[PDB]
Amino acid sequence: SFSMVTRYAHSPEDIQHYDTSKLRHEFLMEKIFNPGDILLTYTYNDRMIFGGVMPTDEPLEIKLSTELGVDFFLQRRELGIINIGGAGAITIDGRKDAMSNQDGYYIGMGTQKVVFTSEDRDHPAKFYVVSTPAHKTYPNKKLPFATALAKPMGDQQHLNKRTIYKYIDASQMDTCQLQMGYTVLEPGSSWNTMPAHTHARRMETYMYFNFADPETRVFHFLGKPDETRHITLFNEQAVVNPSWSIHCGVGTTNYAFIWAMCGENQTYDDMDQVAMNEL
């Protein structure tokens, strides 16, 4: 009950006649949180590894050495974490730090052992993890939801009314590549990232969760700004957006998602806002 599947990169021109079911196979991770299991995917867009760890009875660790050609998982890599589930803790090189809901952690390169645990076996913590390669070691930082920064954004005229939470951000901390965040749209608002953009120099991954209703749906937009497609998401699913693709979404109700951005730069404003011509 450990899984890591591989996904490739593509030309924009490669996906152009792609059907939905194969669009979903290349870009969408359908199952992320299954009790007791580790579910991760390895994308060749800047080699991001993301997925989820849901420990229940016995604690879990992402144990990967030979597969990545190293002796331990984070020998050459950094790792972000946000817990969207129940109460838990992670022990990091022995230091056990409790993790309550929407608490996050940045763990830099060189950390040998990271064990995730849950406190209650039937109300587990859901650890959404993102690991990205790192050439320099930076300090570990716990990112409490209490300390988590809340920025008002949106109007109801644009149906984007929401609150963004910065977790791993270059202005508040030092990492190599990884940037992480969390967005809750308020009820009555469905649009995320709507005035849209592409960033040639880095990529992003959206993971949608906490759907308002069991029947809620998210339509995540994808593709090159002139040629766009969409994928339809159930709760707790994720979509890799390559550097040449835009990324936005709409729900039938409100929801939340975590964004994880990485690439060769951390500059936030190296990006092209797509004017509204999208065919």
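In case it trips you up, residue 1 is the first one in the sequence shown, and so on.
In this entry, the higher average B-factor at the C-alpha atoms falls on 268 to 276, of the pair 268 to 276 and 3 to 11.
In this entry, 207 to 215 shows the higher mean Cα temperature factor of the pair 207 to 215 and 237 to 245. Per the deposited record, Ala150 carries the highest C-alpha B-factor of all listed residues (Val129, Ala150, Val115, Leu178). When the C-alpha B-factors of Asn140, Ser190, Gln157, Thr137 are ranked from the entry, the top spot goes to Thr137. The deposited CA B-factor of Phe73 belongs to the lowest third of values across its chain. Placement of the Cα temperature factor of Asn45 within the chain: highest third of the modelled residues, per the deposited record. When the modelled residues of the chain are ordered by C-alpha B-factor, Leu64 sits in the highest third.
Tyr182 sits in the middle third of its chain by CA B factor, as recorded in the PDB entry. Ranked within its chain, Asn34 lands in the middle third, by CA B factor from the PDB record.
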